[PDB]
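Descriptive structure summary
Residue strings, one per chain:
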Amino acid sequence: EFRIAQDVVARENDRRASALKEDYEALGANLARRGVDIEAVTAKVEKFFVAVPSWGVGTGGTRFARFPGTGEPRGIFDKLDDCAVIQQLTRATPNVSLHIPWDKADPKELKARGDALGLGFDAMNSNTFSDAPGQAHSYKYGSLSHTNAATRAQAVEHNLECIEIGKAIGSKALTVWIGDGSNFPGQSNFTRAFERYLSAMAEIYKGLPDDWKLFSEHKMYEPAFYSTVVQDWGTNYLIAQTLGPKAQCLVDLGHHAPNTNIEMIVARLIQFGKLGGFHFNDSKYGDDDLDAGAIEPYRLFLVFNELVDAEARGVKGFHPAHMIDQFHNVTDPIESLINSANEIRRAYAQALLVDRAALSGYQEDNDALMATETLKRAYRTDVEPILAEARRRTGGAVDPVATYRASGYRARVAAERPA
Amino acid sequence: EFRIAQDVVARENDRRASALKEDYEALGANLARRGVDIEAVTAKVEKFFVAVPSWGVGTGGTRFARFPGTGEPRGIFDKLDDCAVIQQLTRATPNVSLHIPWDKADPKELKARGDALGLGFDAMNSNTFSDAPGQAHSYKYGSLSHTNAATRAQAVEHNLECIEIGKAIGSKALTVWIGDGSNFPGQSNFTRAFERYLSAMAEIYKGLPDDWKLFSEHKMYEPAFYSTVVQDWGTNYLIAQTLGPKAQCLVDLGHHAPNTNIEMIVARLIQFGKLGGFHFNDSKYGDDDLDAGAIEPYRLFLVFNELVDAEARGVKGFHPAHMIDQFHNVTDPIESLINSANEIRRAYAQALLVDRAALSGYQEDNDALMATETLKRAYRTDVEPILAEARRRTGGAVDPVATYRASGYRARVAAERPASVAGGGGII
Amino acid sequence: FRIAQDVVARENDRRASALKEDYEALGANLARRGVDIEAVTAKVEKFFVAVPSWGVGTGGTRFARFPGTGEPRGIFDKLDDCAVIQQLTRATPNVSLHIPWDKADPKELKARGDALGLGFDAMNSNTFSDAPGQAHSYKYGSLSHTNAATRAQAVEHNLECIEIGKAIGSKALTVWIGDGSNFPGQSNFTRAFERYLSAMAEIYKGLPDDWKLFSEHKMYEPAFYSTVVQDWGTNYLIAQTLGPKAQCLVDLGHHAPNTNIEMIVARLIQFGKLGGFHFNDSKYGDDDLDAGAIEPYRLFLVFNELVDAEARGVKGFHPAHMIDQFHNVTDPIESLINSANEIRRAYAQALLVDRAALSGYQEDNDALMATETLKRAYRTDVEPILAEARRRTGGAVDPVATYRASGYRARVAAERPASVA
Amino acid sequence: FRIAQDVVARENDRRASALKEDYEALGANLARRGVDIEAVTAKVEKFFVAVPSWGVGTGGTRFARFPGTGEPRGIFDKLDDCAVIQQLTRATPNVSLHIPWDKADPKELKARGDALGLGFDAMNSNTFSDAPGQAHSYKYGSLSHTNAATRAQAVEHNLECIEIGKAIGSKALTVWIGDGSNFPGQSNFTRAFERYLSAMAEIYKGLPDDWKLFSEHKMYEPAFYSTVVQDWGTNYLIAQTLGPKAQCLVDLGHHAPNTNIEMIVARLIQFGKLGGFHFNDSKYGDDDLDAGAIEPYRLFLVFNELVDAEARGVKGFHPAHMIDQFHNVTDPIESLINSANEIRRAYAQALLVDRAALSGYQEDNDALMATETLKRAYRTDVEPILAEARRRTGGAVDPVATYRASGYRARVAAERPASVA
Ligand SMILES: O=C(CO)[C@H](O)[C@H](O)[C@H](O)CO
Ligand SMILES: O=C(CO)[C@H](O)[C@H](O)[C@H](O)CO
Ligand SMILES: O=C(CO)[C@H](O)[C@H](O)[C@H](O)CO
Ligand SMILES: O=C(CO)[C@H](O)[C@H](O)[C@H](O)CO
Ligand SMILES: [Mn+2]
Ligand SMILES: [Mn+2]
Ligand SMILES: [Mn+2]
Ligand SMILES: [Mn+2]
Ligand SMILES: [Mn+2]
Ligand SMILES: [Mn+2]
Ligand SMILES: [Mn+2]
Ligand SMILES: [Mn+2]
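Its PDB header attributes the entry to X-ray crystallography and lists the resolution as 1.85 Å.

Per the secondary structure count, chain B includes 15 helices and 11 strands. Judged by the C-alpha coordinates and their principal axes, chain B covers about 65 × 60 × 40 Å. Burial statistics for chain B: of 428 residues in total, 68% are counted as buried. Taking as baseline every contact in chain B between residues at least 6 positions apart, the subset at least 24 positions apart corresponds to 78%. Summed over its atoms, the accessible surface of chain B is roughly 13,500 Å², and 51% of this surface lies on carbon and sulfur atoms. Distance from the positive charge centre (47 side chains) to the negative charge centre (56 side chains) of chain B: 1 Å.

What follows covers the interface of chain C and chain B. Listed per partner, the contact involves 53 residues of chain C and 52 residues of chain B. Joining chain C to chain B, the criterion identifies 0 salt bridges. The interface formed by chain C and chain B contains 22 residue pairs in polar contact. Mapped onto the side of chain C that touches chain B, the elements with two or more residues apiece are α6 (189–205), β7 (226–227), α7 (232–242), α8 (261–270), α9 (296–311), α11 (355–363) and α12 (367–378) of chain C. Examining the composition of the side of chain C that touches chain B, we find that 7 residues originate from one element, α6(C), more than from any other. Considered class by class, the residues forming the side of chain C that touches chain B number 23 nonpolar, 20 polar and 10 charged.

It is worth spelling out the interface of chain D and chain C at this point. Contacts between chain D and chain C engage 43 residues on the former and 43 residues on the latter. With both chains or domains summed, chain D and chain C bury close to 3,800 Å², and 67% of this area falls on carbon and sulfur atoms. At the surface where chain D touches chain C, the tally comes to 6 salt bridges. Across the contact surface, chain D and chain C share 10 residue pairs in polar contact.

Looking now at the coordination of the manganese ion (ligand 12). Any two of four tetrahedral donors ideally make an angle of 109.5 degrees at the metal, while pairs among six octahedral donors ideally make 90 or 180 degrees. Residue and element names in this part refer to chain D. Around the manganese ion (ligand 12), the protein contributes the donor atoms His254 (NE2) and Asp286 (OD), at 2.1 to 2.2 Å from the metal centre. The metal-metal distance between the manganese ion (ligand 12) and the manganese ion (ligand 11) comes to 4.1 Å. With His254 in the loop between β8 (246–251) and α8 (261–270) and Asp286 in the loop between β9 (274–279) and α9 (296–312), this pair connects stretches of sequence that are 32 residues apart. Residue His254 is classed as buried on the basis of its relative accessible area of 5%. On the basis of relative accessibility, which here comes to 10%, the residue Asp286 falls in the buried class.

Turning our attention to the coordination of the manganese ion (ligand 9). Residue and element names in this part refer to chain C. Those donors, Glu216 (OE), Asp251 (OD), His278 (ND1) and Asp324 (OD), are the protein atoms that reach the manganese ion (ligand 9), and they lie 2.0 to 2.2 Å from it. Around the manganese ion (ligand 9), the 6 donor atoms sit at angles spanning 65 to 168°, and that spread fits a shape best called irregular. All donors of the manganese ion (ligand 9) come from a single chain, and their spacing in sequence reads E-x34-D-x26-H-x45-D. Between the manganese ion (ligand 9) and the manganese ion (ligand 10), a spacing of 4.2 Å is present. Taken as a pair, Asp251 in strand β8 (residues 246–251) and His278 in strand β9 (residues 274–279) lie far apart in primary sequence, 27 residues in all. Taken individually, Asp251 and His278 each receive the classification buried, so the pair is uniform in this respect.

Turning our eyes to something else, we now look at the site of ligand 2. Surrounding ligand 2, one finds 13 residues, the nearest of these being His99(B), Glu217(B), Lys219(B), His255(B) and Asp325(B). More than one chain reaches ligand 2: its neighbouring residues belong to chains A and B. Between ligand 2 and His255(B), the relevant distance is 3.1 Å, taken from an oxygen atom to a side-chain nitrogen or oxygen of the residue. Separating an oxygen atom of ligand 2 from a side-chain N or O atom of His279(B) is a distance of 3.4 Å.

What follows deals with the UniProt feature "binding site: Cu(2+) 2" (unreviewed entry) in chain B. Listed under "binding site: Cu(2+) 2" (unreviewed entry) in the UniProt record, and renumbered for this structure, are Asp252(B), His255(B), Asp287(B) and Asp289(B). Taken along the chain, the residues just named run across 38 residues; in space they keep tight, none of their C-alpha pairs more than 9.5 Å apart. If you trace the backbone, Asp252(B) turns up in strand β9 (residues 247–252). Given a relative accessible area of 0%, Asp252(B) falls into the buried group. With sequence-adjacent residues up to four places away left out, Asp252(B) is seen in contact with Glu217(B), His279(B), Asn281(B), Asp287(B) and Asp325(B). When you line up the elements, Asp287(B) lands in the loop between β10 (275–280) and α9 (297–312). Given the relative accessible area of 11%, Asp287(B) is considered buried. Beyond its immediate sequence surroundings of up to four residues, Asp287(B) is in contact with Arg63(A), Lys219(B), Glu222(B), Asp252(B), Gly254(B) and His255(B). In terms of polar contacts, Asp287(B) uses its side chain to reach the side chain of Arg63(A), at 2.8 Å.

This brings us to the UniProt feature "binding site: Mn(2+) 1" (unreviewed entry) in chain B. All names here are of chain B. The sites that UniProt annotates as "binding site: Mn(2+) 1" (unreviewed entry) are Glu217, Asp252, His279 and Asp325. Taken together, the annotated residues stretch across 109 residues yet fold into one region, lying no more than 11.9 Å apart by C-alpha. A polar side-chain atom of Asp252 sits 3.3 Å from a polar atom in the side chain of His279. Structurally, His279 can be placed in strand β10. Residue contacts for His279: discarding those within four places in its chain leaves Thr175, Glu217, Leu250, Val251, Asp252, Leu253, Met323 and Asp325.

Mapping chain D onto chain C leaves a residual RMSD of 0.8 Å; the transformation is a rotation of 180° accompanied by 0.1 Å of translation along its axis. On this basis, the relationship between the two copies can be described by a two-fold rotation axis. Measuring from the rotation axis to each C-alpha of chain D, the shortest distance belongs to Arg62(D), at 2.0 Å. Same-surface contact between copies: 100% of interface residues of chain D are shared with the interface of chain C.

Calculation criteria
Residues numbered from 1 in each chain as written, not as in the entry; some residues may be left out. Chains lettered and ligands numbered in written order. Heavy atoms only, no water. Helix = DSSP H or I, 4+ residues; strand = E, 2+ residues; numbered from the N terminus. Buried < 20%, exposed > 50% of the residue type's maximum accessible area, 1.4 Å probe, protein only. Contact = heavy atoms within 4.5 Å. Areas by Shrake-Rupley, 256 points an atom, 1.4 Å probe, with all protein chains shown as cover. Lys, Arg positive; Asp, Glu negative; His and termini not counted. Charge placed at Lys NZ, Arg CZ, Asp CG, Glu CD. Salt bridge = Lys/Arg side-chain N within 4 Å of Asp/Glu carboxyl O. Polar contact = N/O pair within 3.5 Å; in protein donor to acceptor, adjacent residues only side chain to side chain. Nonpolar A, V, L, I, M, F, W, Y, C, P; charged D, E, K, R; others polar. Buried area = accessible area lost by both parts, 1.4 Å probe. Donors = N, O, S within 2.8 Å, 3.2 Å for Na, K, Ca; no water. Tetrahedral: all angles 85-135°; square planar, octahedral: opposite > 155°, others 65-115°. Near = heavy atom within 4 Å. UniProt positions renumbered as here; feature names shortened; annotations may be inferred. Least-squares fit on C-alpha atoms.

And the structure:
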């Protein structure tokens, strides 16, 4: 089934075919003059996939308010339908990231709906940062690192339940992000809290399938405003190293202190084999969770530069999980996810254009200016023609958002869904 | 009416009177050696008041979750009852700051309850950063600076109603904080958006009584994550200067960029007569809204040092409004507000101890070390005996939190009020 | 000609074919977007940014300085090097001088400038360091120093900068001082600012009718607790207090972490106090790195505000543009060349924004299409436009490549002795 | 004795009465709190922090240096000044040397220290600046430089620092380098780190059995885009990779804005890699200001983690403590005196925390009482304890007051030639 009529996609592609051909051939010639085969780039671009968050499909909110749009998805099933649109048009988001209990539903049915829509499932995400009605023990003061044994046990059990749901739908990993920390100095004993967390995570690791990975996600602050147990990549490394080979670190771009060189963290984790994956988004102040690349596109390019370099250096067994973790508070969630996915492919595409041989020589000779200009020659390249062509060739739209709007999908779901 | 039994307050004071006497006399002796009359300090401390937020007595939350405790207040009347407890035990929070429409209710009943509890009302707070039921225009894309004329008018009308409610209950000011801003470059035109805001505020200004003040509150970010119309004190000054004499700037401690020298902003606003008031709280990362002084007590003291210095050299009827703006997500709201009000008086008391004459000399001599040590000599002084004696002398408790727990108030209201349920904040 | 014309010719010819292909390709793409590439190029070749005299020599940190070969011996050598930057980029016809660093006979300075085809931008005073034979030290401040005689000495220095500037063609004085404190209590915030205001008022009195006085704010460094002119708020208060000739200068790296700098620019323009810019890039503090090397989009967003001002028809809006950078690990001339290029790049992209469409998306609160309208311009590779603008005006298609081909650095290295103490 | 004993005695007697009153009052308050003031004073008397040789001279920024009078020139003058701090505070018996700044015949250094009653803490290498005659420049790095010969030169310099240290009684080498990049792409993060690790392994081999090697992380400066040893995470990787003798040194002002530093301290202690501390305070960057002059509570919280660690009896816990500050606008000796004082103040308050009560409130999630339990200790004015500790150990009740009364600064000013006067 196709959420967006195929005739609309065809019509909107034909409407832009002429211009695209000119832009693509123009870029192809320019790249050839630079010794790059544009076909080789497009080929890799159409293979780059990033998972879409179920929680990004509906309108998000802040601690102050939530302003829903029309046709808000009623549950995980409506969310999957909307995710299908993103994948149909960008062809870059074949897998969906689920969050439990937000997306709790019959696993078998989730699998059926996913298969019918042509969608897969990425890492599962546990939730012990909020209480569910009728919950025996509250996570107000923590979960996996809570002082109360029963509360930790409950948190662990919930994570095991997430694993069970994931196994039913085809997921192969569990991402653990908790709000555990303190809001006041002295409230928590930093070391003891971390010891409890490590002990609890060891129990989850014990119940982790051998064809699964366990991802721990660090965050400097929020919901905890004084200290957070898994506060940065340093603590995260200690966790992954301590737990085992199947445990790795997940880097969410917006979870770092102001001015942090995030691309270096990525490099460090790769070198020591603990870079499990990414949670893509952009920010300017805190964990803003804005559309990827909308604030600092160069930074996004530099992160991918490290990923591509890893391959170039011959790093092996390197297959980071890529996921978008965003909240869309003032835009059509589907549109933002579409352009965010496009932006991630944009950064990846530019990273592929870096002349590694040239860069290597400038680094060795300490020619900083030419080294940075070598990175810029790649970043400054407008790879949109490649992104559009990759989409067109794989059943997607030349201009996803334009086709999305031309289809009238939002008004359609608005009529189908309550207000 | 006494929310907390007088016998309990008396009992809990007698239990600690002996130790207090010793500490107070020791401190009095130390201050005397320093040429300071402990009695003069206590006399001023007894008269220092800071407004408590009504939204502060209820458990707060984050965008990820809210964990309500037992006996959560149902509405403004329950909240007023709880604020009465903070005032009775600390004697430092006689006025409550209301937020509309969270606390909307009959002005006669509000004023009636306040009077019976011995509570007054500080500045009113308007809410155009959220949508209420039946609202004709959404504030999703802004309010006073929204591109839609009808929306701006609706926001203006709401503020005018806030002034109306405040006039009926004895309030003398309106504080305006909005989330207006953008999450993406290009979404808003910085200039046009600010021009729209100024024009809307002008209409609100026209509705201000002659003895009222309009406080605009800046904030770097949240809920807007790319730009905010009233992002800092610079824009805030432009606003106040543009609107008029009754318009001044409100400084919320946790609303500044990382590493900002906040005490300097206070000085600058005072110098140009635009320091409307304060929103006290503490933080480490963003607008954490934590208990005042719990993270950086020295910074709080330094802010009060600017306030006391201005006071010491008599300036333009200088009387900024002091208010606490905090959310308590992991403690008993009443206890945190009690100790936060205490910390504010603590910083004030310490600022009073600064030898202004000596500091002035060291500043003119460019003796940086002695100048900073002059400040530290005051700050390092443990003024707790003063704070406790000030409380004891005015009908308060020597140890407020201790007295609060001994009274069993929380267990009491928990039994009278419906049980609560945890859930999310507005993440989805 | 600092750089041989035959070299510039040879290097341009070697790249003419590729430029033609890229420019014409870009031209067609722009035409399809309703934009005339010729109109963009015509404006780009006229965008100028002043080159800092202090940026031509290698810079350093409080830890060390690593000079390269052929470091300029004085201001005259610096002007010679600035001539290279202008000849190759054609985007830096004016130089910004710093007194006393560049103190010399005004007549000679002017003669060298005219000979090289260079002009002079705003003068820069220096009361953040002590010069020989000074009666009072600026250790504890200058224009805001508690000692009246020290403030007077600083005022006199600024007036002298104005006299030098008048003689050489300058029409503005930029004032940046380190005045502030490293400890709470060391300074009375208000009295220190009042002293500063009194001093600046005197300097203002020495301003010719057609001159401007620019005060430059900075959050910290050299002062590490408080700085008198710490941010744009205090800066606005200064400009408004002083008068019509007093305006604010914004140095990109002088703001608190995460500050929305483009908004400050918009605010100052709205109230007519945006005197000019000090361009550079940074990641941590006032790093003074090559413009656009760290955050190119932010640079573009700043220019988006500058172009919007013209779009909105702001009157008498002629901000001064100056590069304020230090080059610690690269050939200063090469960094200044590419930095000037980056600035023209951000400017050109700002010119490509479809303001009509943008205006529509803003009014309809279509945040996604509004930001995409900005991105469509920013994502455009305008390098061909920059290169064509240079070709037409006597510059180099690839400035740094041409600079390296000329062997200029090696030449001046043999002419200039390295300082030994 | 640098300071006349009669002056110390006279200034102590002058303030003995008030001290007795305050100490006794504090003793009674603590008594009521179940604490023996005598036990606290006894521990404070034994808390020592290394004074940096580079701390007694006036510091500066990249913009300027404003030397005071009697500036110490060379290590011998510096040791004489350091002796004044130790004599008056009795809290800084050991000095931290920096090579080559303090290079001199080891025998003479040892002799001079013994004569002044001063020992030597960790040695400090310097490959972040170039020395005269140096074969290879550290402009683009040192231990992680791409040029093999440059790395070898840096390794040898470090080995030389160990040799000097062994001769004077030092038992550790602290390695802080500016290695990094100012531009994206300039360095390959991983390869640069691999080169550093290989270089440090060589240095590690020259370590005696009883020596420690400390690596000090820093977010930025002098490198403004990336730094090889940028944070504690990379620092942990280094220490763990090198071996048991390698540990991490934490300099308070070397972290990103808002970083929870006390947590990093706890984490390093838990994994046995907390080598030591570099004390100072800051507000913006690596300001290197007097310890506790900006954020005294943060300093207390760091000591809370240290005192707790001992309370828990953690293994591998025995951190070195050193002051690493620069004094740009004060008498360096007075600042080091009051900084050492602040450090003992924070230590003393940490000793007052009721660990049993705290533990209870932590287990019961009573956040308010847990934090108040810390505040009850922090709010306590321990100055009487600090003053008494000094008085009882040969120091001054009021160090700075005694220092000024002695007229020391004027004395050395008359013995040492200033650049101009
Ligand atoms: O980033 C995170 C919270 O800050 C986690 O990944 C969450 O699970 C995700 O954002 C959904 O709330
Ligand atoms: O600080 C504020 C929001 O950040 C405003 O004062 C609010 O009105 C107050 O905090 C209540 O949410
Ligand atoms: O930016 C500044 C100092 O931070 C001023 O403009 C200086 O005068 C300039 O950078 C030269 O040092
Ligand atoms: O802190 C450091 C430099 O930032 C190192 O410890 C230095 O060796 C010390 O500060 C002396 O410059
Ligand atoms: Mn995430
Ligand atoms: Mn997040
Ligand atoms: Mn507030
Ligand atoms: Mn707030
Ligand atoms: Mn500048
Ligand atoms: Mn600067
Ligand atoms: Mn250090
Ligand atoms: Mn340092």
